[PDB]
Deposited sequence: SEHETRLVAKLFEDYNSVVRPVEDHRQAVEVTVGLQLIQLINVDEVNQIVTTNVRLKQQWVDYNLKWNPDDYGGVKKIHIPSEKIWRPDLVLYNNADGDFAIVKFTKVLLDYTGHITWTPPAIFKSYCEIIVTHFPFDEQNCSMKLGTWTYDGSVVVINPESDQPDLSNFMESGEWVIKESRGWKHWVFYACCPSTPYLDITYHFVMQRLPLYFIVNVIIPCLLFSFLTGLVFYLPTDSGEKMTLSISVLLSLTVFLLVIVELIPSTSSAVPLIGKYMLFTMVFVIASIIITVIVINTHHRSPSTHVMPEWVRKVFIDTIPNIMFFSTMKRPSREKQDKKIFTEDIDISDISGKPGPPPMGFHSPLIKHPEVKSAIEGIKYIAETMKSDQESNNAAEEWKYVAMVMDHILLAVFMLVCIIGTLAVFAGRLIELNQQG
């Protein structure tokens, strides 16, 4: 276009992009700022960094970039490079692992009235404090503080375009759901510049994690392994396999604890819900191991080496009927040698019978102890799992 070529040559013959685009230096540049969240790329909990793809729409009037369309064949809007004009220097205060300002300098749309629209893209890696208290059912409020760096409120005034970020082009995430989003303008006095206030717009997004992945891949195996903890008390002591069950469960929960520990920040501000559950089932399994060792010791207590205490007999055999499908428990010297041998055999079987019967008393004590402990541990499993998860679950189902 020859008209637009002449216009662009005329507008930038004596243009200065250093100075603010005002007729008088005493007035401020009014800027309208609007964030458009295109995609929520990542929420790194370990490093506490939120990666978002955004478009930072900025609108402002330039005094020296006006023209009459009648003088230029009716041209009313043009597209010009942004690097050649004055721009607001909008900086993300809470940047963590990225660029502080815009680095992609896309074209600006310039109207004949001096109005400039500049909508650059950006990949903001902002800092979000990650609260782990309800992980993997946690809610995270992550903010983005955008403000002019070197221009105070007296020389450049930024205004929000809308009360909320623009989510009309937001690609839905497979891990997070944005519950609420809101942009607030703040006037802040900094110690570096105590005279004038500096303006900022903080855009915050409340995000609810979708917990299906962590439920399937972490929680369900842990529930399966914790359910097998109490079943050690239904195993007989004569099988010689109680320790196998308990120890394998303990090792599996140890591996899963490593997996969960690799998934959360090392901050000390809160203990995660899943970590609390893991420690609970670990103490549960170790208690099961201790009382299983006690049960095995009681079962194998040799009656010759151990006398039955009368209090144990009262507590376990006499007391505790509950369901009692149990029972509760001439004249040759050769002839003389035969008499002595037969008597010795009979007395030996007498002694063996009494020793065996005392052994079964010990085994019966162990059996009833196992039957009480099975019910106790099975109930404790459900009670602990509910007491951990159900509070957050009913909170989410009730909100």
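- When the deposited sequence is numbered from 1, the segments without any C-alpha atom are 330-366, 437.
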